[PDB]
Every structure is written in structure tokens, then in C-alpha cells.
Amino acid sequence: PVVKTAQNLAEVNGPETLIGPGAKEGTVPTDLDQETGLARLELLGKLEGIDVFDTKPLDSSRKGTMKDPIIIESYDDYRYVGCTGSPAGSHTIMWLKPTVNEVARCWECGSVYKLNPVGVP
Amino acid sequence: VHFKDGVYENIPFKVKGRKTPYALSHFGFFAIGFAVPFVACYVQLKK
Amino acid sequence: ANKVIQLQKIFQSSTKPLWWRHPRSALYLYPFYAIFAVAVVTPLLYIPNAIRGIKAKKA
Amino acid sequence: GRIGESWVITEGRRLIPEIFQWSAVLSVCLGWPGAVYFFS
Amino acid sequence: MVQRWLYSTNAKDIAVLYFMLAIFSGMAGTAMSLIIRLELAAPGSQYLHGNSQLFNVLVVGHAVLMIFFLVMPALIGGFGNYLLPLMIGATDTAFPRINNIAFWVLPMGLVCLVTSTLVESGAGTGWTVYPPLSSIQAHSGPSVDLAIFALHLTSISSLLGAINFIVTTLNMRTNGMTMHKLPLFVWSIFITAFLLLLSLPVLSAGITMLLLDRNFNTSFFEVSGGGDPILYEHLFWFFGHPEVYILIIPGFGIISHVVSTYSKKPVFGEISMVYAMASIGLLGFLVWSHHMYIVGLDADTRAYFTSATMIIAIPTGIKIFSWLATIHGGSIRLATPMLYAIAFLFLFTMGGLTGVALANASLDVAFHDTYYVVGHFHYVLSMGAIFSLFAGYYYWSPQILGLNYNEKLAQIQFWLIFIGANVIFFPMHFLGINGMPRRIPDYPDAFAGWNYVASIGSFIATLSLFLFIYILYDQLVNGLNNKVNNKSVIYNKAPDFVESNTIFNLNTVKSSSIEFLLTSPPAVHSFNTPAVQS
Amino acid sequence: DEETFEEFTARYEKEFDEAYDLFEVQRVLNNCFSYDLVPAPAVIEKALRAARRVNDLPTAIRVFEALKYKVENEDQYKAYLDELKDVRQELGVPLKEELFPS
Amino acid sequence: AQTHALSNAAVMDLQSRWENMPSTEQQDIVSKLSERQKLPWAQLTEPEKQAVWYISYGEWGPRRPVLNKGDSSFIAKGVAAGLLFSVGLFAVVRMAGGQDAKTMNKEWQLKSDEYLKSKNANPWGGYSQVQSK
Ligand code: HEA
Ligand code: HEA
Ligand SMILES: CCCCCCCCCCCCCCCCCC(=O)O[C@@H](COC(=O)CCCCCCCCCCCCCCC)COP(=O)(O)OC[C@H](O)CO
Ligand SMILES: CCCCCCCCCCCCCCCCCC(=O)O[C@@H](COC(=O)CCCCCCCCCCCCCCC)COP(=O)(O)OC[C@H](O)CO
Ligand SMILES: CCCCCCCCCCCCCCCC(=O)OC[C@H](COP(=O)([O-])OCC[N+](C)(C)C)OC(=O)CCCCCCCCCCCCCCC
Ligand SMILES: [Cu+2]
């Protein structure tokens, strides 16, 4: 049970461990330690850009054929994605299901997609 | 709160039970299907 | 303060339902909101019990 | 050829298959006047 | 274990619970409508000893119950909260507390309306509550107040649900999705929610005003005291007609989704009719007053109203022809969704034909309040709501449960409701031309045979409802058997003469969303990753 | 908007260059036959050789009976007869002598 | 693997039935057929062609249509049974209802129609026939 500097974007784990000391007199402090919960991490991330639950688009413009299939950065077993052409739109969207048990096909690109883990010990 | 696979538990009723193997509650549903108009008639008139 | 930390530690070391927050309020409300609720609900539909038994028969 | 086989069904949809459409509505005459005669 | 069915933070439990509530209300309404038609089977007092007060009490119960507790809750809530935030890629929908509050204020409405219907006086003015027809002098007791409270709470629930849907559409859109090319279901729900948000508050204000009149005994719409009930009449019209759109347009979106995912071809003029539906939603506030042609408005006002009411009628035919082209040039299967959609479209064409016949103002003088108007709206509302709900259930049951439903039982069910509807609704033309006088417990015995056939059709519908509940039991007890054998349909769409067996097996569905190949509803944490589309 | 149709054809040949299984043959055949265009003998022979790259005689039956029953096109027969005769004599796939006498 | 004159009992057993054979050598036979057709066609014999056409084309499994081997008769007779139940239940409930009309017999209607259709510019005497008993 010791105080944590929490100066690293990845060394903080557990909103319960963060409380936030108060102030006696002065002015309202900056949005670094006065915020409660884990919302301060999220607001810092949106302030800088490095974010969790990122809404940034994937390689939609890329064809993602067998030469270089698209990547998915998520450890979850299932996949909920789609790919129906390199441009913004050329046909009705059909979902793609990358998996390791079997292979996948696009029916317009014919791409075999490979799910992409994150490195583990 | 996150232990529902979603195959047979989505229904807001319990399949298990020897006294009610979906036989007593559903017979009550049968009864209440025609219960309200019958009692509405019975309050003021006869059926 | 000197009690928020203790309460948080107690909750962390003992996870129980009802939040262990309002025991006296619960005892004042729930048994009352049962007994008095019955006492205020039942007579309204028990007054016509004597009148109950209408077969819609007239002579 | 391109024109002779074009009128196999183009002009043939006015006298060949109209019986199907006529019978598709034949239920009214057999049903409702029959009920009228039965009751009255 | 009870928080799942009482404090459901997930949308699917609330959806299935709304479905159960709506189906219970619908079966009760169908049974009591059978009772009413039995009372109207033959003139006189055969089962009910006259009691025209009681007659109108059950008549208004019929109308109010089916309008407010069968068509509304499930048909919008389930499809919305199961598709609109799920297909867009959102992880979980917001505002669980709002939905729970709406659910828990509903039983207030149910109990209060039950008490209102089960008092000696009761309210029996029908779907129209315009004073002094709805005056407390004739319909005394607490019935009016309870009905008003139920109206208020149901309006609040629907408005909050529409707000949740709107904010989900506006904020929870995925990065890879254009707004102009949204699916027809999304735009349908968007237009329906906005029309509801612009319509329900007006009716709620009018109902609050009537409640104040009934409680504080003031003079706003009573004839004595210089009141104008026509204001509340116009408010009720500007509710109901947009409420008719609210009830129908999601059915249009559901039919569009069914035909798009079944016929394997795009809908003709998809973006053009998205724009047309947007125009309908924007212009619905101008054709709400084609029923008041006889109140005493000016001739020029009649001309304006009729001009609007047949100048906004083209998109109905546009949709008819667009879906006709959507089923044209493609493959149509002998499946229950195909036949449900075909029957719904055909009977909707007849209903719109009758409406166009009603569009003229000069003919309305001899046609208004005759049997033709009630026959027309019974046509449109009955087929629209009932067949849309039936098609949705028979098209979505394996999507939410995964347990197959018998094809034979579904087909015989369709045949029963279809033949009942046709035998009930065909003689209404003769009934209208003769002039059957509406809302009479003891009508003249001239229409005895037509009343008999209407009663036969109603009883056919009731035994069809018994078939519905027995089919539900059969599914619940033999879904495993249906999956094992071929007694039930296994795949939604049949393969074409281009596909090999293995290829079709590994390409069973090529639709516009992952819901079809989404596994049976997962735990409360689903769609953990955003949906990417290009 | 009467868009170009040879672009999809060139897509078919570029997927043939990337063809890796009979799945791509099925996809290109479905896409080509879905269009309103009647395939010329050149593209028909290209589809036939794509199907034969895996040497699957049932796919040959599929493509031949699809040519026989692709589009009504005001009931075009004689062109279909000569085209099937030549696309048969090029390799030889006698099958009409079996299913027809049924 | 490099077979010769592969025309055994399985080839003509395939055509008759497919679901009864217990799905554990279907993969074996289809793999053997694929290996055989990997070799040049050489105008394979007709039973093998028919078997491979059956296993690749359809009329089995997914291609099984909604139209089964006599379910349409079940549809029609379920509708007929529903109609019979409707008419029987209507008859029994009408019988249990009992008589509830002490007036408006046939003669009452005859008198009313004669009164209405005797004067006052009758439209060709009317057609108000008595309904029934
Ligand atoms: C929502 C629109 C709607 C619908 C669908 C219906 C349906 C029917 N209505 Fe009604 N009706 C009205 C709206 C509607 N009505 C209105 C506004 C009035 C006037 C009100 C008045 O002035 O007070 C009226 C009045 C009215 C009267 C006048 C009352 C009189 O004075 O006696 C009569 C007369 O018999 C009647 C009959 C019927 C019949 C036989 C049906 C049949 O179509 C019923 C068939 C319906 C079913 C098929 C339901 C099935 C039930 C299920 C279990 C659903 C299952 C679905 C799933 C959840 C999967 N209606
Ligand atoms: C499903 C909902 C629905 C639909 C689609 C319609 C469709 C229409 N309705 Fe109706 N209507 C109701 C629901 C509906 N109505 C209800 C509940 C009432 C009762 C309210 C009250 O009066 O109490 C009512 C009553 C009602 C009245 C009341 C009569 C009177 O004053 O008392 C009138 C009057 O004009 C009217 C008109 C129309 C018209 C013109 C259409 C048209 O939009 C129909 C559109 C369809 C067509 C266009 C035909 C098919 C297509 C074509 C053949 C294309 C070519 C034809 C033309 C463009 C001319 N409706
Ligand atoms: C007057 C008594 C009541 C009659 C009302 C019908 C009651 C139910 C049917 C009772 C039997 C009727 C006569 C049956 C003769 C032999 C036919 C037979 O074997 O039936 C089978 C052959 O099927 C048929 O072709 C008949 C369908 C069922 C019977 C239909 C009865 C219609 C009405 C008959 C009487 C009508 C009298 C008045 C005339 C209008 C039914 O198959 P299944 O449903 O068992 O198979 C499905 C599977 O096992 C489970 O999914
Ligand atoms: C108090 C209980 C008394 C006994 C009630 C028994 C009811 C049994 C079912 C109905 C009578 C069947 C008599 C025997 C018929 C044998 C021929 C046959 O196959 O007909 C089947 C006919 O059954 C059906 O077709 C089932 C569906 C019938 C109804 C379909 C339409 C219903 C529409 C209205 C429903 C709602 C009605 C409400 C009002 C009543 C019955 O199959 P099973 O289960 O006897 O299997 C026989 C098989 O060959 C194995 O040996
Ligand atoms: C008088 C009041 C009572 C009026 C009603 C009285 C009761 C009903 C009387 C008519 C009954 C018609 C039954 C039609 C269904 C049927 O079973 O027809 C047989 C074929 C089946 O198809 P198949 O390919 O020939 O099947 C072969 C099966 N084997 C022989 C190998 C075992 O199927 C067909 O040929 C299908 C086409 C036949 C028509 C199908 C539509 C039926 C619904 C509409 C019926 C309208 C009314 C027709 C009769 C007037
Ligand atoms: Cu309108």
C-alpha cells in the first residue's frame, strides 16, 4: 500500500488504487490528478492520441490479398470485420471471419485472412 | 452478470423444475389468455 | 477522511449483498413495506368478499 | 432467329396464358354466389 | 439471478421481454375481439344481456389494448435494440436505467387500465376521447384518469426509447460507415423515431390538458363555457396519422431487409428511396388533416388538404414497384417470409387503393363515417401490423434462438390467418356500399350472413392463435429434433445453379451484416471490437 | 448507369492469375452468369479452362448445362447448339446421353 | 491413390441412398473420387460420373427444398382439420348458447317485408327474403 507516480501510460492498472488527494486552498488543479476513477487516463489519451478502444480506421483502402492480408490487433477469439473492396465502396458489405482453425475467403477479393495475436510469455 | 452463453437461458423462465416442467406456468398462461375478458364479462354480466 | 479508507478496506475484504450500508434503514423499511403494504392492500379487495358469489341470477 | 423467336412469348402472353389469370380469380364466383344461394 | 430479468443492462433481454408482453396483450385482445364478434354474430342478446355501456367498454378495450400494447412495444423495441446498435459495431447500448424505468412504469399503466376497464362506470368512448363524448357525466369513476396516466407513461417510455435510438445512431456510428448509404432499416427507424419525438409530446400535452379539465373542473374543451374540443381533435389527428406512420414504416424496413437478404439482389432505387423516405418523414406534418373534411373548414382549406393528401401518396406506389423489381429478375423461394411479404404487399395494395378512393373530398360527404372508412383502416392497420409482426417472428426466430421452426406448421398457420382475413375482409365492400351503421350492439339483421362469415373468420384467427402457442411449445420442446432432421428449414436461402455443395456449405449466407452468422446471442459483452467496412 | 462490363471481365482474368482453388472458379462463374451479358466463346473457354485447371468434370457439366440454360434471351437455341457443339468437340464431355433419357 | 478400374459396390451404392450410409466413409469416397479425377478424365464410366455429379451438385443436404416427399398433403389436411375444428366448435357453442330470440320468426319478417314493400314507391318490390330459421 504505497503511492504510485502513475507517470507511465502502461504502469497504471486498477481504478481502485487511485484516489486523488485534495487541496486546502488555491485554484482548481489541472486535469492530471483532480479527476477521479480511470477517466483521467482516457482524457489524457484523447488529449495526446495514444488511446485504448481506438476508433482509428484499419487498412480498409488496402486490398489485403494473399500477398499482404489485413491485420487485426485483438486477442479475442472471435472476429467481427468486413472487407468488400479497396475503394470507399463498390459492392454490398460482406463480413470476413479471420480464424486459426480454418481459412477465410472474401468472395470478391478471395483473401485468406490470418488473425494476429499479441506477444505473450 | 456476464455468465450467459445465450442458447437456452435467454428466455425469462426456468426450464428446470419437476412441479413446473413448463407445464404449470404455461397452463396458467392458457388460463390467463381468456381470463381477463371472461372476468370482465362476469363482473357486470354472465358468460 | 479517517472513515472512507476504512469503509473501502472493509468492502474490499468483505464482498456482500445489500451494500452493508443502511441496516437500520432496511429494518425500518422492508419489514414495514411488507406488513403495512399487506395491511393497506388486502382490505380493498377483501371488502367485496361478502358480496362475492355473484351468479348473475335473478327472479 | 433473333426476331422470329422473340415473339414466341412476347405476343403470346395475351391468348396462351390468360386462362391461368382468369382461373386465378375464379374462386369468387364459385364461392360467394354459392354461399348466397345456400343461405337464401 | 433475477437482475437479468429485472435490471437487464443488455438490450436482448428487454427485447424478448417486450415481445412476451406484446404477444400476451395481443392474444388477450384477439380472444376478447372474438367475444365481441360473437356478440355481433347475431343481433339481440344471446350471450351478453344487451348492456351497450359494457359493449362500448369492451370495444374501447379492444382498440386501446391492441393499439397501445401489441403493435407498439415489441415491433419497434426488439428490432431496434437488437439491430440498430448491433450492426453498426457498437459494443453495448447506453441508458439501461432509462429502459428499466420505462419497463417499471409500464405496470402502472397495465394495472390502472385494468382497474379502469373493471369498474362499474368505465370509459367507453372508443379510440376517440374528444369531449363532451369523453365527459365524466356519462363515464364517471376513475377510468378516465387511469387511462390518461397510462397514456402518459406509455408516451414517456416510447419517447425515451426513441431518444436512446437516436443518440445511438448519431454518436455510436462506426468510423467506416457513410451516412448516405445507410441500410433501409436504419433510416426507417430514424424517421420513425423522429416522427415519434415530434408527435408524442403534442398528444401528451393534450392528454395532460384533458386531465386538468377532468380534475380541476375547468372549461377548455367542454361545449359549455366557450370551449373548443376541435383543438384536441386536431391534436389527436396529428398524433394518430404520424402514429400510423410510426406503426407502418418499421414494417417497411423489415420487409426491405427480408427481401434484400433473401432475393440475393439489391433493392431498386435504394438510395433514391432512402431520400424519398426522408422526404416522407419531413412532409408527414402536412397530411395529418384529411379526416376533418366535414368539421366546417373552408372550401379552399379542403382543396389544400386533399391536394396534399394525394400528392404525398406516390411513394407508396414507388415502394410497391421498387419491391416488385427487387423480387424481379432474381430467385424467389417457397419460404414463409416470401409468402408473408407477398400477402402483406398485396393486401397493402388493396388498402392503399381504398385510401386513394377515400382521398377525394367530394365523395367523402357521402362516404365519411360510412362503413367504407372503418373497413379501409381495418384493412391497412390489420394487415400491416399483424403480417409485419408475423414475418418478423418467422424470419428472426432462428436469428435470436438458433432453434429451427417447423416449415409445415408455419405454412398451415399462414394459410389459416390468410383465409380468415380474406373471408372476413372480402364482404366489406358490399357492407360499405349498403351502409352498415357502425358501433351498434344490436345491428339490423340484414347483415346476418356477413356477420356469420366474419365470426367464422374471427374464430379461424383464434384457432390460428392457438396454433401459434402450440407452435411455440413445439419449438421449445423439439428444437433439437428440428436441428437433427429436415422437418424444419435449415438455411434461409436456397443455392443457385452456379454453386458447388462444398462452396455453398462454406458460403451459406452472403448478406449485408454479420448478424446472420453471428452466433446465438453471446453474453452481455458483445462486439468488443469496432466494425470495419469498406 | 450502363457502366462498363469489360472491367469485370478483366477482373475475372486477373483473379484467374491469382486463382488458387476451385472456389475462385465458382465465384467468377457466378459473377459472370449473374450479369445480363451473354458470354462470348472466348470468355466461355476461359471459364472452362479455369474449371479444368483443377480437372473437375462435374464443373464441366455445371458450366455446359449453365450455357444451355443461362438466359432465355428470347429463346435462343441454334446459337446455343452450335456453341455447345464446338465447346464439346474441343475436349469431349459426353453427358447429354445420360440425363436426358430419364 | 492411383486406382485401376475403380468400379466397386460403393459406386452404385451411392446413387440409391446417401443419408442412410453413415457419413463416416462419405469423406473417404469423395476423397478417392477427387484423387481419381485428378488424373486425366479419359471419359470416365457413367456410374462414376453420376456418383460424382450427385455428390457435387446437390439434391441432397442443403439443396433439399422446402417441398418434401408429401408434406403438402399434410399442409392441406391441416387446413382442413382447422376448418373442421372451427365449424364443430361453433356448432357446439351455438348449441350450448340456447334459444335467445322470442321474436323475429319467419312470419315476422314476412309481415315486415310486406308492410315495407306494399306502397311508398317501392323499388320494384324489393328482395327482402327472410334470412333463415
Ligand atoms: C391496430 C389496428 C387494428 C387491428 C389490427 C384490428 C383488428 C381487428 N379489429 Fe379492430 N379496430 C381498430 C383497430 C384495429 N382492429 C380501431 C381503431 C377500431 C375503432 C375503435 C373504436 O371506435 O372504439 C376498431 C374497431 C373494431 C370493431 C368495432 C367495435 C364495435 O363497435 O363493435 C370491430 C368489430 O368487430 C373490430 C374488429 C377487429 C377484428 C376482427 C380484427 C382482427 O384483425 C384481429 C386479428 C388480429 C390478430 C391476428 C392478432 C394475433 C395475436 C397474436 C398472438 C399476435 C402474435 C404475434 C407475435 C408477437 C409473433 N375492430
Ligand atoms: C397503413 C396506413 C394507412 C395507409 C397506407 C393509408 C393510405 C391512405 N389513406 Fe388512410 N387511413 C388510415 C391509414 C392508412 N391510410 C387510418 C387509420 C385511417 C382512419 C383514420 C380516421 O379517419 O379515423 C385512414 C383513413 C383515411 C381517410 C378518412 C376518410 C374520412 O374522411 O372519413 C382518408 C380520407 O382521405 C384516407 C386516405 C388515404 C389515402 C389517400 C391513402 C393513400 O396513401 C394510399 C396509397 C396507395 C396507393 C397510391 C395505391 C397503390 C399504388 C398505386 C396504384 C399507384 C398509382 C396510383 C396513384 C398515385 C393515384 N385514409
Ligand atoms: C371426427 C373426429 C375428429 C376428426 C378431426 C381430425 C382429428 C385428427 C386426425 C384423426 C385421424 C383422421 C383419419 C386418418 C386416417 C389415416 C391417415 C394417417 O395415417 O394420417 C397421417 C397421414 O397424413 C395425412 O395425409 C393425414 C393428415 C392428418 C389427418 C387429417 C385429418 C383431416 C380431417 C379428417 C376427418 C374429416 C371429417 C369431415 C370432413 C370434412 C398423419 O401423419 P402424421 O401427422 O402422424 O405424420 C407427421 C409425423 O408423424 C409428425 O410430424
Ligand atoms: C382426452 C383425450 C382423448 C384422446 C385424444 C387423442 C388425440 C390424438 C391426436 C388426434 C387423433 C389421432 C387419432 C389417430 C390417427 C392416426 C393416424 C395419424 O398418423 O394421424 C395423425 C394426425 O395428427 C396430426 O395430423 C396432428 C395435427 C392435427 C391438427 C392439425 C391442424 C390443427 C388446426 C387447429 C389447431 C387448434 C384447434 C383448437 C380447437 C380444438 C396422428 O399421429 P399420431 O401422433 O397418432 O401418430 C401416428 C403414427 O402413424 C404413429 O403410429
Ligand atoms: C367448395 C368449398 C371448399 C373448397 C376446398 C375443398 C378442399 C380442397 C380441395 C382441393 C385440394 C387440392 C390439393 C392440392 C395439393 C396436392 O396434394 O396436390 C398434389 C400435388 C403434389 O405435387 P406432386 O409433385 O404431384 O406430388 C407427388 C406426390 N406423390 C404422388 C409422388 C406421392 O400438388 C399440386 O398439384 C399442386 C397444385 C394444386 C393446387 C394447389 C393450391 C391449393 C390451394 C388453393 C385451392 C383452391 C380451391 C381448389 C378446389 C375448389
Ligand atoms: Cu394522412
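Chains as they are written, first to last, in the UniProt record's numbering: chain A, 29 to 149; chain B, 28 to 74; chain C, 2 to 60; chain D, 22 to 61; chain E, 1 to 534; chain F, 45 to 146; chain G, 21 to 153.
Note that beta-carbon positions come from the ideal geometry of N, C-alpha and C, so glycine has one too.
Backbone secondary structure at residue i - three-state DSSP
{"i": "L133 of chain E", "result": "coil"}
{"i": "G110 of chain A", "result": "strand"}
{"i": "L197 of chain E", "result": "helix"}
{"i": "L124 of chain A", "result": "strand"}
{"i": "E222 of chain E", "result": "coil"}
{"i": "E101 of chain A", "result": "strand"}
{"i": "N3 of chain C", "result": "coil"}
{"i": "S26 of chain C", "result": "helix"}
{"i": "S152 of chain G", "result": "coil"}
Contact set between residue i and chain E, taken where Cβ atoms lie within less than 8 Å
{"i": "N74 of chain F", "result": "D496, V498, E499"}
Chain-order list of residues whose beta-carbon lies under 7 Å from that of residue i (same chain, five-residue window excluded)
{"i": "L517 of chain E", "result": "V509"}
{"i": "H376 of chain E", "result": "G351, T354, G355, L358"}
{"i": "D442 of chain E", "result": "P43, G44"}
{"i": "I320 of chain E", "result": "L345, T349"}
{"i": "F252 of chain E", "result": "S188, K319"}
{"i": "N528 of chain E", "result": "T91"}
{"i": "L195 of chain E", "result": "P242, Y245, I246, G281, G284"}
Residue i beta carbon near ligand 4 (any heavy atom closer than 8 Å)
{"i": "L463 of chain E", "result": "yes"}
{"i": "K181 of chain E", "result": "no"}
Neighbour list for residue i in chain B, Cβ cutoff strictly below 7 Å
{"i": "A57 of chain C", "result": "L72, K73"}
Within chain E, partners of residue i - CB distance below 7 Å
{"i": "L87 of chain G", "result": "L334"}
{"i": "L143 of chain A", "result": "Here the premise fails: no neighbours, minimum Cβ distance about 11 Å."}
Residue i beta carbon near ligand 3 (any heavy atom closer than 8 Å)
{"i": "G22 of chain D", "result": "no"}
{"i": "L21 of chain E", "result": "no"}
Residues near residue i in its chain [Cβ-Cβ closer than 6 Å; skip 5 each side]
{"i": "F459 of chain E", "result": "none"}
{"i": "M108 of chain E", "result": "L153"}
{"i": "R333 of chain E", "result": "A494"}
Neighbouring residues, chain F, relative to residue i (Cβ below 8 Å)
{"i": "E66 of chain G", "result": "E142"}
{"i": "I98 of chain E", "result": "Correct list: empty, because the minimum Cβ distance to chain F is about 45 Å."}
{"i": "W123 of chain A", "result": "By Cβ distance, chain F contributes nothing, its closest Cβ being about 16 Å from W123 of chain A, past 8 Å."}
Check: residue i C-beta below 8 Å from any heavy atom of ligand 2
{"i": "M310 of chain E", "result": "yes"}
{"i": "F425 of chain E", "result": "no"}
{"i": "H291 of chain E", "result": "yes"}
{"i": "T316 of chain E", "result": "yes"}
Residue i: contacting residues in chain G (beta-carbon distance under 7 Å)
{"i": "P102 of chain F", "result": "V72, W73, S76, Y77"}
{"i": "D442 of chain E", "result": "Within 7 Å Cβ-Cβ: nothing; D442 of chain E doesn't reach chain G, min ~11 Å."}
Residue i beta carbon near ligand 1 (any heavy atom closer than 8 Å)
{"i": "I386 of chain E", "result": "yes"}
Under 7 Å by beta carbon: chain F residues contacting residue i
{"i": "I503 of chain E", "result": "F67, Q70"}
Any non-hydrogen atom of ligand 6 closer than 8 Å to residue i Cβ
{"i": "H376 of chain E", "result": "no"}
Chain E residues whose Cβ lies nearer than 9 Å to that of residue i
{"i": "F60 of chain D", "result": "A448, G449, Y452"}
Inter-stretch contact at 8 Å, needing at least 3 Cβ pairs: the segment 376–384 of chain E / the segment 22–41 of chain E: no
If we count Cβ pairs, one from each stretch, closer than 8 Å, do we get three or more for the segment 465–479 of chain E versus the segment 75–84 of chain E? no
Closer than 8 Å is the cut-off here; do at least three beta carbon pairs connect the segment 135–153 of chain E with the segment 185–200 of chain E? no
Report yes or no: do three or more beta-carbon pairs, one from the segment 216–234 of chain E and one from the segment 123–132 of chain E, lie closer than 8 Å? yes
Three or more C-beta pairs under 8 Å: does that hold for the segment 114–124 of chain A against the segment 73–87 of chain A? no
Assess, as a yes-or-no matter, whether the segment 103–121 of chain G is touched by the segment 68–82 of chain G under the definition of 3 or more beta carbon pairs within less than 8 Å. no
Counting beta carbon pairs with one atom in the segment 53–72 of chain F and one in the segment 426–439 of chain E, are three or more of them shorter than 8 Å? no
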